[PDB]
Every structure is written in C-alpha cells, then in structure tokens.
Amino acid sequence: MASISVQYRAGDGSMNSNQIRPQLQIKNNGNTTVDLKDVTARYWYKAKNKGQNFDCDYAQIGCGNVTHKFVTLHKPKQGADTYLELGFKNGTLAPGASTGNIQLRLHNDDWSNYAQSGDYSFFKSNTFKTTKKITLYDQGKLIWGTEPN
C-alpha cells in the first residue's frame, strides 16, 4: 500500500447552503520525511460558479505559495461538475510539520447555490478512512482518485 495516511470528516449527506468547510487529517505514516512542496489535491462539487475563495482555519504544514485550482466541466458524472481545490508548494525543509492535520474554510460563490445532500447521499463519505480519499497528485504524478466506499 501507499506510505501516506489520510482521514476525512465533514458530513454523511448534509446540504451546503454555500457555507461549507470539510476537514481532513493528512499524515505520512509510511514515511519519516515528506514535503508538501509538490502535492496538489482535487475535489469535486455540483455547481456552476467556480467557487469564491477559502479561509485558513487550522493547519500545521508550514506555509508557502499554495495555489488554488478551479475548473468546471459539463459532465455531471455522479453529482459534481465543478472541481475546486488547492496545491501546496511548500510546508517545511525538514521532518516535523509534515505530519499533522488540515482544516480550512470553504466559502462558495453565491451565484449557483446547491446542496451536497444529493451527491453525498449516494456516496456516504466522511465515515470511513482509506488511503484513497480523493483525486490528488504528489511528487509529480497521480496516486489517489477515489472516495472511501
């Protein structure tokens, strides 16, 4: 299996009301030294607008030039067409603040308000902990891309 451990917490199948903020616990359990300098995650959500922005709540992965991605597709696969997330460009230069937890605020744009009680209803996430939680790339390649089922 992989060398990274991640946990997810938020809601089983609740709505959004434009105001959301999912939290997760990402920690390299199978590695002693890891840098979030070339790690980027990818999340999905049913919408039209490309989101609004994010707010820092609680993090311990250093700091840097983390970039935010935001795109929209006209393909409602399961229950999401819009894909927004972040890409860490740093975190530390030595083992220490590379294994902790990540929690932030997620404010969407009040242009197209939707609820995740439709997509999460068929997913039932935020209840299991698997190595594969979402689609993300690390070290220059893709490794994860699936929710805990």
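Residues numbered from 1 in each chain as written, not as in the entry; some residues may be left out. Heavy atoms only, no water.

Its PDB header attributes the entry to solution NMR.

J.: Explain the pattern of salt bridges residue by residue, including any values.
T.: Scanning the model with the defined rule gives five salt bridges in all. Salt-bridge contacts for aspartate 57 lead to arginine 105; the nearest nitrogen and oxygen are separated by 2.7 Å. Here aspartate 57, found in strand β5 (residues 53–59), pairs with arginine 105, found in strand β8 (residues 102–107); they are 48 residues apart in sequence, far enough to count as distant. On the basis of relative accessibility, which here comes to 34%, the residue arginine 105 falls in the partly exposed class. Notably, a salt bridge pairs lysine 133 with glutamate 147, separated by 2.6 Å at the nearest N-O pair. Taken together, the residues span a long stretch of sequence, with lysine 133 in the loop between β8 and β9 (135–138) and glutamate 147 in the segment after β10 (141–144) at a distance of 14 residues. Taken individually, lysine 133 and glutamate 147 each receive the classification buried, so the pair is uniform in this respect. (Salt bridge = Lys/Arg side-chain N within 4 Å of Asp/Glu carboxyl O. Helix = DSSP H or I, 4+ residues; strand = E, 2+ residues; numbered from the N terminus. Buried < 20%, exposed > 50% of the residue type's maximum accessible area, 1.4 Å probe, protein only.)

J.: Please provide a residue-by-residue account of the sheet that holds strand β7 (residues 82–88), values included.
T.: Pairing is antiparallel in the open sheet, where five strands are placed in the order β6-β7-β4-β9-β10. One side of each edge strand has no neighbouring strand; the edge strands of this open sheet are β6 (67–72) and β10. Across the sheet, the mean angle from the axis of one strand to that of its neighbour is 25 degrees, orientation sign disregarded. (Pairing = 2+ DSSP bridges. Axes fitted to C-alpha atoms, helices over the stretch in contact; angles between N-to-C directions.)

J.: Talk me through the pairing of strand β3 (residues 23–27); I want residue IDs and the actual numbers.
T.: For strand β1 (residues 5–9) and β3, the ladder comprises five bridges, and the chain directions are antiparallel. Across the sheet, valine 6 pairs through a bridge with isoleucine 26, a residue of β3. Bridge count for β3 against β8 is two bridges, and the pairing is antiparallel. Following the sheet pairing, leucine 24 is matched in β8 by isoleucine 102.

J.: A description of the state of the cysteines should follow, citing residues and the corresponding values.
T.: Think of a disulfide as a covalent bridge from one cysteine sulfur atom to another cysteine sulfur atom. What the rule picks out here adds up to zero disulfides. Of the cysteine sulfurs around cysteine 56, a residue in no disulfide, the closest is that of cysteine 63, at 9.9 Å. Of the residues examined, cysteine 56 reaches a relative accessible area of 65% and is grouped as exposed. (Disulfide = S-S within 2.5 Å.)

J.: So what's going on with the environment of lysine 37? Which residues, and what values?
T.: With respect to the helices and strands, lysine 37 occurs in the loop between β3 and β4 (39–45). Between the alpha carbons of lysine 37 and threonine 92 there is a distance of 8.1 Å; along the sequence they are 55 residues apart. Beyond its immediate sequence surroundings of up to four residues, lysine 37 is in contact with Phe88, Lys89 and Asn90. A distance of 2.9 Å separates the side chain of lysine 37 from the side chain of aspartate 35, its partner in a polar contact. (Contact = heavy atoms within 4.5 Å. Polar contact = N/O pair within 3.5 Å; in protein donor to acceptor, adjacent residues only side chain to side chain.)

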